[PDB]
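Cβ sites come from the backbone with ideal geometry, for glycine too, and all protein chains shown count toward neighbours. Just so it is clear, none of the values below were taken in a lab; they were calculated from the coordinates.
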Amino acid sequence: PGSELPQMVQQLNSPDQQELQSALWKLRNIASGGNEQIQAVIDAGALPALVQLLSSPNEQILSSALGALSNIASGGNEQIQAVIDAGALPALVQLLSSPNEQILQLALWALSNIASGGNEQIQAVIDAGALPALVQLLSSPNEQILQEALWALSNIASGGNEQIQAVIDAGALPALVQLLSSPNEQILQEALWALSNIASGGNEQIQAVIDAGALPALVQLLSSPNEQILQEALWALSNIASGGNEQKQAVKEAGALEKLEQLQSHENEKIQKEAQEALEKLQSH
Amino acid sequence: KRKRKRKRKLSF
């Protein structure tokens, strides 16, 4: 019943906890659907109350509100923009310093979904000061929080060259290069994901990846037994090889040609074609 | 490689 959504939004002002939790679950439920469902939640006026609940001292209420905002931020760019225009970003950035790992994880989920939108939505994340907090979380001992910070930084690095350069200017490259030494393979995969998105920009952004010293580690990861890590390193290297001759020359000087020509005989047909295309990009001019 | 975005929905 469409009449239930305004009543659900009305229950967001309820002094009772279980009424509040029930309405937040329904909103989080509806926002689990398509954009049409998320649009009905927004049109019911749920965003202003949801943003206010980000200041709740109750741990369970803050988690349910973050999960509802997270799911709404998984919609279209204009629905992500409604989340931005409702004022959610300053609270999410503040929540990036919370000692509660459950709260911090959910705040990272919402920020990552917002950063999954267009360049206008990614720039709002940048302008709210999310980057230096995200870069700081790359030093977290929690492997789960570390993955969430990599997911958020990768989505920000999925925008235009201006958004990619903001990630570089925030000092994310030295932490990403060091994460290539991680024995944890799912963290190592997310770091390659972020580096590949950064290396997909212009020659300035590609040279910044080279200047951070990422090439020796990327070349070594071409010998990884994990074919997912092997491919991600191959994708990151081929993005770097797409740059100018100075960029291709650094890839060759890192010894990538020997491994790339070997990977043409790899047992995976997909890897063979990517190694072949990387060698094509390495032809100068 | 292209630039890859990732959205996630919660089930709880």
Considering every pair of different Cα atoms, what Kirkwood radius, in Å, is found for segment A:82-156? 12.0
Can you compute the helix-only [θ] at 222 nm over chain A? Use -39500 (n - 2.57) per DSSP H run of at least 4 residues, normalise by all residues, nearest 500 deg cm²/dmol. -21000 deg cm²/dmol
Which of the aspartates and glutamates could be linked to residue B:3 by a straight reach, that is with a Cα gap under 15 Å, when you skip same-chain ones fewer than 8 residues away? A:162, A:190, A:232
Calculated over segment A:202-285: convex hull of Cα atoms, volume per residue (Å³): 78
Efficiency of FRET between residue A:267 and residue A:56 - r from beta-carbon atoms, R0 45 angstrom, step 0.05: 0.25
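Please tell me the relative contact order of chain A in percent, rounded to the nearest whole number, where contacts are Cα pairs under 8 Å and at least six residues apart. Before the final figure, lay out each step's value.
On the way: 398 pairs, mean separation 28.8, N = 285.
Averaging sequence separation for qualifying contacts and normalising by length gives 10 percent for chain A.
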Listed highest first by mean packing, meaning other Cβ atoms within 10 Å per residue, what order do A:170-176, A:63-69, A:2-8, A:127-133 come in? A:63-69, A:170-176, A:127-133, A:2-8
Would you list, by chain and number, the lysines whose Cα falls below 21 Å from the Cα of residue B:1, excluding same-chain residues fewer than 8 positions away? A:248, A:252, A:259, A:270, A:273, A:281
Other residues with Cβ under 15 Å from the Cβ of residue A:20 give, with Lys and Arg +1 and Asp and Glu -1, a net charge of -1
Please list 3J(HN,Hα) in residue order for segment A:216-222, calculated via the Karplus relation 6.51 cos²θ - 1.76 cosθ + 1.60 where θ = phi - 60°; whole Hz, with x for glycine and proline. x, 6, 4, 5, 5, 6, 5
Just the C-alpha atoms of segment A:3-282: what Rg/Rh do they give, with Rh taken as the Kirkwood radius? 1.06
Report, in order of residue number, the helices in chain A meeting two criteria: a C-alpha extent of 15 Å or more along the helix axis, and a mean Kyte-Doolittle hydropathy of at least 0.0; treat each whole DSSP H run as one helix. A:59-72, A:101-114, A:143-156, A:185-198, A:227-241
Relative exposure of B:8, A:28, B:2, judged by other C-beta atoms within 10 Å (fewest first): B:2, B:8, A:28
Given the C-alpha centroids of segment A:187-233 and segment A:1-23, what is the distance between them in whole angstrom? 47
